[PDB]
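Okay, so here's just one chain, in structure tokens, the form solved without the named molecule.
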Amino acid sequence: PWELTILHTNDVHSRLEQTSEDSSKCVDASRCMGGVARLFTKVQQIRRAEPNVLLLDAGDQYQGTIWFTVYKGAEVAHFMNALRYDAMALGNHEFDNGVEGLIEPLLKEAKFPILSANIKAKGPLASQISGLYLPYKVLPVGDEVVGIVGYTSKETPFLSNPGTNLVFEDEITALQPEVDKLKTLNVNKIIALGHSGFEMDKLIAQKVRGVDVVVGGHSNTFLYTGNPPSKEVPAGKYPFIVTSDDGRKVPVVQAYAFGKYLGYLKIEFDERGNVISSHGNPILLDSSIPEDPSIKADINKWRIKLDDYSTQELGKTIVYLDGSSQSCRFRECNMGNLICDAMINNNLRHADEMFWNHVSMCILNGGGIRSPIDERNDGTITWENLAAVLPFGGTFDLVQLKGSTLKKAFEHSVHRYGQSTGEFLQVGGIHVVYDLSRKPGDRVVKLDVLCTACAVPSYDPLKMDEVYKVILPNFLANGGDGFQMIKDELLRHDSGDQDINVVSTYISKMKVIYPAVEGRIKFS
């Protein structure tokens, strides 16, 4: 049998430097994990041991820390080139700076192929981008060849800024003829590498005839066989085996997110390219593995410009930005309005006919706002200032919530009001009125929401059965601050941009800000 070792990452999300255990900023360096210098060491070790190795990335390198803010994808090309990745699929966040912000920093500088079979370019863009990403690449590995066919979430236009000259096709429809064709060209070993989420990966494994292994991303899915090595709870075994329509067993793998783990799957193939076995597990990149000194020095050198950036003026406020807990855990606070307005602004996406935008509504727990910003230094606002307000390494995510779930969330916001607890919600696109004399769970007396499927945005009463799009912190999507109803009742949850970056981009765009407290939240 011919044995291949597939190493893979996904949803690394700009975690170029080692992180704490929960993927936030590293504080105690001796206990940190991940980062590209540590990944380099482990990949180099495995390449000395294993004759036939592919290192694959399943997309979403872009977006997540100050690295992406400042270097805009140049750091992705540079460090993935240093790690000698063999191929990468395009993720939704590769479109965050538009097509131009994908072509120039990443597609033109990567030394490895960048893949997606289900993205079609139209208009003048087609000739500009032709060949810069590919539907597939056939790679030599030893005396053999392996075809790698790429795919990208069809939901990308709702999640990122791909423009209107890219069309995202159904993955299975796009994939099948490419896999068909490779088989006719005597490529008998096929890896589907792409960025649509575990549920779609399993459908691809089941329905795309000839795929031998699926390497996926997007859903930050952690799979593990045995007792897991850290805090992530496995969604299933690694690999996760799908029985295909043609009767084969097809391994599906993913490796969580943030560069914390290196996926590692060993596959034996027979001479006709059929998988005869598959085994592996993601490797926790913990502090027992040394950071490669050369990569780490390079990281340190690139960090200088980040340190410079962190104190540079982004824009100005002419008002006090009240992110105090005495305000934000008790009433509407202007820092909460500012952050919710930034959240909506970041989520302006190309709209279908019937919508002005697909989302209008925002909630933000007041316990997530960790500092004011005063008017010292002539109202200058810096990245460092915003990092004190939003210090947790969160993202502002898109969820779908029934109106009845949102009503429960607003009851939870005030269920024990008066104690300075974190669950009190700041809002955008929502007007709520509380009567604190009523029993807990019966305190919300009016709840109006800004329409989306309207030509003129305006407020209507919340409807219990309607499913609303809402932007909120990943902490809340995950049921943080007692918002268990959000986690247990949501219909869809997509991970969005870095919290600090959402706000910094908004301030930079606005230039001079003056957020008011304007009656989005009232009592009585």
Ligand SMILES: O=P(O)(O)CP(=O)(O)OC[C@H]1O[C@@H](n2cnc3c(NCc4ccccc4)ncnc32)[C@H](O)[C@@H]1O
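Numbering starts at 1 and runs along the sequence shown.
This protein has a second form, the form deposited with the named molecule bound, left out of what is shown; the following refers to that one.
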Ligand-site call, the named molecule overlaid in the deposited complex, backbone or C-beta contacts under 2.4 Å, 3+ atoms: blocked
Contact label in the deposited complex: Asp497 to the named molecule, heavy atom within 4.5 Å: no
Non-hydrogen atom contact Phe475 with the named molecule in the deposited complex at 4.5 angstroms: yes
Contact test in the deposited complex: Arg370 vs the named molecule, heavy atoms, 4.5 Å: yes
Non-hydrogen atom contact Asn118 with the named molecule in the deposited complex at 4.5 angstroms: no
Listed residue (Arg329, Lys296, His412, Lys189) with a non-hydrogen atom within 4.5 angstroms of the named molecule in the deposited complex: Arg329
Partner-contacting position among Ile381, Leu450, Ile344, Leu159 - heavy atom within 4.5 Å of the named molecule in the deposited complex: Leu159
Candidate stretches 128-136, 234-242, 362-370, 172-180 - the one whose heavy atoms come within 4.5 Å of the named molecule in the deposited complex: 362-370
Complete contact of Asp60, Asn220 and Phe392 with the named molecule in the deposited complex (any heavy atom, 4.5 Å): yes
Partner contacts in the deposited complex for 77-104 (non-hydrogen atom within 4.5 angstroms of the named molecule): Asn92, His93, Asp96
